[PDB]
Amino acid sequence: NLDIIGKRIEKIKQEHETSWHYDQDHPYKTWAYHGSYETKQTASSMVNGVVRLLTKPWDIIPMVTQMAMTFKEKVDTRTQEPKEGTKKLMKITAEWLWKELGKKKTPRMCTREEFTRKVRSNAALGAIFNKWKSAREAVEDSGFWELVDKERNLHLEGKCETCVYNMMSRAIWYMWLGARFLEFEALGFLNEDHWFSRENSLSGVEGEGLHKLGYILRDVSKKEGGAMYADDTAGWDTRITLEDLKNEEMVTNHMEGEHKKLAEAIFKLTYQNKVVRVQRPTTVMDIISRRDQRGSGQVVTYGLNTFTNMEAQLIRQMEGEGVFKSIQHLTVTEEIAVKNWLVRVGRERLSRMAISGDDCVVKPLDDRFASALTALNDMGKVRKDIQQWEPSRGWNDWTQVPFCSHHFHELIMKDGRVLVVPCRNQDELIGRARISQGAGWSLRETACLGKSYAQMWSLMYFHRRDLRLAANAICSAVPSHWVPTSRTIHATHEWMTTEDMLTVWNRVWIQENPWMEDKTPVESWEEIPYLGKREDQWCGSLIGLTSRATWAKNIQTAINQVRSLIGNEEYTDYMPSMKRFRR
Ligand SMILES: c1cncc(Cn2cccc2)c1
Ligand SMILES: [Zn+2]
Ligand SMILES: [Zn+2]
C-alpha cells in the first residue's frame, strides 16, 4: 500500500501544499482516496467540411448528423477474487502461453533511439504537455533524459516518484512522456517484435489489416466444430483482476539482467499499484489509487488484453470439453489433465480463435462451449447484453460474425476470383469521415484528412456503391499531389500514400493476397466488384433515394464547389472511372 504509492502521493502533496485538503464529500467507494487540490481547466468533435460538402444526401440522415454532436461509474466497481480452481487454471494456462509465445521470440529492451523515432513520426503514446511544449521538444532536450534516468534508477531501487496516471465505456489514462518511455523500454518489445502476430500467437491478428480479417475468419470457419461464438465482455478493462495482472507479470520469467528488473518495476509499481489524478466539477483534483483494473499505455494494453483474452477463451474451451469438473478446486490429476491438454491440443485450440485485445471469435470443438460459463463468470469476464447464466447465441455463418466492428462478405469477381471484404453499416463510415479532432486545422490539412478517408474507402469499401463514388469525388476535389494526413496500436494503413490507388488495389487484393491463386493484376476500377444492390441497401446504402440520385448525376458541381474554396491547384477527374460517368 502506502510504502509503494506514498512517495508519488507525498510529491504531489508538496506541489499544492497551499490547497491539500482530505475532502469529506468524496464520491469514491472502490478507489482509495488520499486528498484534493485546486485546478481549473477541461476537446470536442469538429466537422470535416470537405467530406460534408461532398456527402450532401447524408445531411438529413440523423444516424450520420448526430455522430458529430455533444461509464465513470463502472471504473468505481469491484471484481471479486476468483476461486482456487479458477486461480490454478489461469496460472497453468498463463505459464504455458508465455512459453509458447517465447519459443520463437526473445524479450529485449526498446531504446531511446526507437522511442525518439516514434515521437518524430506522430504516434498516440498518451503523454501530456509542464516544462517542454510537445513530445518532439522534450525528446531533443537532454534535461528530460536526466529526469528519465533518475526515475529509471529509482525503479532499479524498487521505488517510483513520478509514474502517475491522469484520468479522462472508455477511460484514457495519460502519463507524462518520461513514464511512457520507461513503460516502452521494458514492455514495448511485445508490440515492436509482434508477439501477438497470427504467425507467433495462432489466435492473434496483430499487424493484420482490415483486408486480412475476413480471410482469417473464413479459415477458422473451415475447422470441424460447433457455432462461431463472438461474445463481448461488459467493460473488459474494468474486469482485469489482480490475479490477471500477476499472470501477465510472468512474462518477466523469460527476461534477464537489467531488463528483468525494469519490467518487474513497471508491473509492481505502476500496473499492480496505480496513482491517478481526476477532474471533479465539485473544480478540484482528486489523488486516487487502486491495485486492479487495466490502466497502462494503449499499445501495452492491447497486447496484455490479447494475452489474457487468449488465456480466458482456452479455459472456457477446457470447460466445454470437460477437462475439469469444478472451479472450486483442481485435484492433482486434473492439474496434470489441464497441462496434458495444453501440450497435446493447446496450439490447435489457439488456431480456432481470432483475438484482437478484448474482441474474440471462437470456433470450439462443439456447442458444449455455449453453456460453459462458470470459469468465464468467476474470472470476472461477464458477457455484455445476456443474463449471467443464459447460454451464448452462436453464429452459423462466418459472414454474419461480428469482429473489430465489422462483418465480412464473400464477393466474386467477373473473372471468378474470390474477395473476402470488410463491411459495416455505411452511416457509421460516413459519419466518422465527417469528424475531425483538435484545433488549428488549415483548409489544406482538413482536405488531406478527407483524402485519407477517401483512399481508405477505395481500398477497403470499394464494394459499397456510395463510398466508391464519394471516394472518387473527394480525390477529384483535393489537389492530386497533396499528401493524405491524420493526427497520430494500428496495423499499417496502405491508403496512407500518394501512390496510384488502383496499383495499391492490385497489390493488396491480388499480388500480395496469400489467399489469391492467380496473380494477374486488374487494369481498371470497372473490373473490381460491388456487393449486390439489395445487399448494399441492407448495409445502409442510400441507393434508390432521390437525394442520392441527383447527388450522383451532379457530383461534378460539388467537386468544383470544393475545388474553388481550396483554390488554384492541379485537379484530376476520377469520376469518369465510374461506369455511370464512363460514357
Ligand atoms: C490492432 C493491431 N493490429 C491489428 C488489429 C486488428 N484490426 C485491423 C483493423 C481493425 C482491427 C488491431
Ligand atoms: Zn516510476
Ligand atoms: Zn455489409
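Scanning the stretch 551-583 for residues that are more than 22 Å from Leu449 (Cβ to Cβ) and not in a loop (DSSP other than H, G, I, E, B) returns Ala552, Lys553, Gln556, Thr557. The residue that is nearest to ligand 2 (Cβ to nearest atom), among those in the stretch 199-237 that are assigned to a helix (DSSP H, G or I) and acidic (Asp, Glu), is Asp237. Within the stretch 425-447, restricting attention to residues that are in contact with a helix residue (DSSP H, G or I) (Cβ under 9 Å, 6 or more places away or on another chain) and of a type in the set (D, E, K, R), the residue that is nearest to ligand 2 (Cβ to nearest atom) is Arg432. If only residues of the stretch 519-550 that are touching a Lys or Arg at 6+ places or on another chain (Cβ under 6 Å) and either over 22 Å from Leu54 (Cβ atoms) or part of a helix (DSSP H, G or I) (or both) are counted, the one that is nearest to ligand 1 (Cβ to nearest atom) is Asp536. Of the candidates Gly207, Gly235, the single residue that is at positive phi, within 12 Å of ligand 1 (Cβ to nearest atom) and within 20 Å of the chain's Cα centre (by Cα) is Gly207.
Is it true that some residue in the stretch 479-498 is away from ligand 1 (no atom under 16 Å from the Cβ) and over 18 Å from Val50 (Cβ atoms)? Looking for residues that are away from ligand 1 (no atom under 16 Å from the Cβ) and over 18 Å from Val50 (Cβ atoms), one finds at least one in the stretch 479-498, hence yes. Filtered by the rule that a residue be aliphatic (A, V, I, L, M) and more than 30 Å from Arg152 (Cβ to Cβ), the stretch 175-214 gives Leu202, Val205, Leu210, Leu213. When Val418 is tested against (1) farther than 26 Å from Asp232 by Cβ; (2) surrounded by 20 or more Cβ atoms within 10 Å (Cβ to Cβ); (3) among the aliphatic types (A, V, I, L, M), just one condition goes unmet, and that condition is (2).
For the stretch 421-430, a residue qualifies if it is surrounded by fewer than 21 Cβ atoms within 10 Å (Cβ to Cβ) and either in a loop (DSSP other than H, G, I, E, B) or more than 16 Å from ligand 1 (Cβ to nearest atom) (or both), and the qualifying residues are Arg424, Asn425, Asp427. When the test is whether a residue is small (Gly, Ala, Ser), crowded, with 17+ Cβ neighbours inside 10 Å and either assigned by TED's automatic domain parsing to the domain that holds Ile288 or farther than 30 Å from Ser476 by Cβ (or both), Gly102 does not pass it.
When restricted to residues that are surrounded by 15 or more Cβ atoms within 10 Å (Cβ to Cβ), farther than 30 Å from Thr333 by Cα and over 24 Å from the mean Cα position of the chain (by Cα), the stretch 62-99 contains 1.
In summary, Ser476 fulfils each of the numbered conditions (1) touching an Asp or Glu at 6+ places or on another chain (Cβ under 9 Å); (2) part of a loop (DSSP other than H, G, I, E, B); (3) surrounded by 14 or more Cβ atoms within 10 Å (Cβ to Cβ) with the single exception of condition (2). Evaluation of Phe129 against the conditions (1) closer than 29 Å to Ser486 by Cβ; (2) of a type outside the set (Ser, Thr, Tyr); (3) crowded, with 19+ Cβ neighbours inside 10 Å; (4) away from ligand 1 (no atom under 16 Å from the Cβ) shows that the sole unmet condition is (3).
The requirement of being within 20 Å of the chain's Cα centre (by Cα), more than 20 Å from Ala43 (Cβ to Cβ) and assigned to a loop (DSSP other than H, G, I, E, B) is fulfilled somewhere in the stretch 119-138, by at least one residue. Only one entry in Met456, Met460, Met413 is assigned by TED's automatic domain parsing to the domain that holds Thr520, surrounded by fewer than 18 Cβ atoms within 10 Å (Cβ to Cβ) and hydrophobic (A, V, I, L, M, F, W, C), namely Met413.
The set of residues from the stretch 392-419 being away from ligand 3 (no atom under 12 Å from the Cβ) and not in a loop (DSSP other than H, G, I, E, B) comprises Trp395, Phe403, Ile412, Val418, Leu419. Only one of the numbered conditions (1) under 23 Å from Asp292 (Cβ atoms); (2) outside the structural domain of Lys99 (by TED's automatic domain parsing) is not met by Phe181, and that is (1). In the stretch 6-22, the residues that are farther than 18 Å from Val276 by Cβ and among the hydroxyl-bearing types (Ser, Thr, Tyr) never reach a residue that is assigned to a helix (DSSP H, G or I) and away from ligand 2 (no atom under 13 Å from the Cβ) with C-beta atoms less than 8 angstrom apart, at least six apart or across chains.
FYI the Cβ positions are ideal-geometry reconstructions off the backbone, even for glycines, and counts take in every protein chain you see. All of this is worked out from the model, or read from it or from the source named; none is laboratory data.
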